[PDB]
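A single chain, nothing else alongside it, follows as structure tokens in the form deposited without this ligand.
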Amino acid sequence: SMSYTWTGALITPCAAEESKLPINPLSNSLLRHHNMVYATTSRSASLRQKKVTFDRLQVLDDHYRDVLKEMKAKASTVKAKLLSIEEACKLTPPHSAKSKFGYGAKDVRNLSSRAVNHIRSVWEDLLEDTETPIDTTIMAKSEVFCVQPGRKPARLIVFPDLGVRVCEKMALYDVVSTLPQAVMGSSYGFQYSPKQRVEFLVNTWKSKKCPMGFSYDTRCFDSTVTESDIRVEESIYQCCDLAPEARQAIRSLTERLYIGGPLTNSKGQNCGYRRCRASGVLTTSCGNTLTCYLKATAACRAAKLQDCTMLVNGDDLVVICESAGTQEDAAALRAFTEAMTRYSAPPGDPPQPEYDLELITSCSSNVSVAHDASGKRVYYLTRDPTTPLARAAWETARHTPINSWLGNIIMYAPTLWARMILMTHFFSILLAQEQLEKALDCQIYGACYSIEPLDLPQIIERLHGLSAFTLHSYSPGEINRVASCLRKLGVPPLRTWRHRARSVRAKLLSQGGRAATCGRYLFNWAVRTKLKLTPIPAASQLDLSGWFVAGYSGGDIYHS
């Protein structure tokens, strides 16, 4: 069927949309070519709609069914708990979109009588009505990027009302938080911190006689998800031990929301119908991961690829297997794509066989290689720094809800660019404004987390280890990329940052306390007479468990 059907009503913005990087003194410090940075707006919605709208072709086979059963079998071991209204309410981000029924996230988190009362009726309605399509809002997503030799048309997010969202959590939070791992095991990507992901990719790579890997980019995965895919996804959830009300809720949510439903713009106009995966629901991440995993695993058997290890993060897929030879691999890969195309997962860019782990891009990142104080090779996760930097500038010139830069510093603490540029730039600003103590919100695998800048040293050592503060001698490949990026964006070169870091480090050291700790560990690369960095006491006191359990992008989740 058609992924989408449009009435003609436009995807409207519910507020003024900013698309250009303002000429700000502070942003200008980080990057000079401000005209290269842009934010997508609803003005590009039609370009997207045309890209995501098409008929889906899907032919299933024996391999798909075999793998599906294997998956359900693991699923049968899961026992999911039905969250309470209070629990699910406590998971709602403070900035979440208000309900059109007289309340907002604030009232939800405060267990406001009005909110709760409405959440109850919505739930009661899910238990009674198994058919009525639940309404959803469609908005153009506002994201920041750098221009390219044109521009990316805004992505379209689709999400139901606040009430329904709390209800999703009640019935499915525990499930989407535990089922993926139980089913895919080591292959489930959101369970790993950046360090563990590299570990897994490196060990997996070395477990092959002669490794061959490739990333598989599905063309607009969300609109390639069929009603069949979503029901198959429910059949997997249905294998869990569920409370009676949770089973019905899931059965209803599937038919009324997850498989499709009416689309409404910000003005209340009927935009069209959706027959594919909505981006703004709680099951989006789990569902896509399961679907991507299922199709890929069946495609591997069908394609004759040997000993295929999957690492799946939602629609993002990486595959590592036993090479069978250059020509045999090219053939096998093409066969893999045909199987995937039949499973309704056509490729965007044709996949290419890789024989060098550092050449595979998954989750926009890749495994590189540097050295620690001792001088031994240390693997770590990195990526092209264009977008992170572009967004850093943006978030520097404008008050933005989520600070992707803070999230990038954490996820990419050991990289050349995050340490040399992100930490320097931001700490410098925070110190100049005396905000080193204000906690900031950021995201990790979709979930919102409140973090204090001064705590970064602990978090980094904990997530990455001490080597993140001593890495050096990066690969020529990683260096070239950072170099080109800076050249392209008009970002000051190494020397400029070192001088700035040397200044910040000193200023932080003079403040003592946690700030001094920031200056000693974060900026140890700036000095000649380096300090002897030892494990930070409070690092062992840290509990970053809930940080890397599952993916929640689009799920509207907040881990307090």
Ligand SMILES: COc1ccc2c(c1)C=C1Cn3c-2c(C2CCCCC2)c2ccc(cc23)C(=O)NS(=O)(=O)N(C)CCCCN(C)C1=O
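Start at 1 and count along the sequence shown; that's the residue number.
Although it is not shown, the form deposited with this ligand bound is what the next lines describe.
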Classify as open or blocked. Procedure: superimpose site C-alphas, place this ligand with its pose in the bound PDB entry, test each ligand atom against backbone and C-beta atoms at 2.4 Å; 3 or more hits mean blocked.
-> blocked
Any of the heavy atoms of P133 lying within 4.5 Å of this ligand in the bound PDB entry?
-> no
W497: heavy atom within 4.5 Å of this ligand in the bound PDB entry?
-> yes
Would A390 sit within 4.5 Å of this ligand in the bound PDB entry, counting heavy atoms only?
-> yes
At the 4.5 Å heavy atom threshold, is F426 in contact with this ligand in the bound PDB entry?
-> yes
When this ligand is placed as it is in the bound PDB entry, which of 36-44, 531-539, 509-517, 60-68 ends up with heavy atoms within 4.5 Å of it?
-> 36-44
If we test each of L422, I138, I119, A80 for a heavy atom within 4.5 Å of this ligand in the bound PDB entry, the one that passes is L422
Only one of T297, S99, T396, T92 comes within 4.5 Å of this ligand in the bound PDB entry by heavy atoms, so just point that one out.
-> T396
Can you tell me which residues in 469-508 come within 4.5 angstroms of this ligand in the bound PDB entry, by heavy atoms?
-> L489, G490, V491, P492, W497, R500
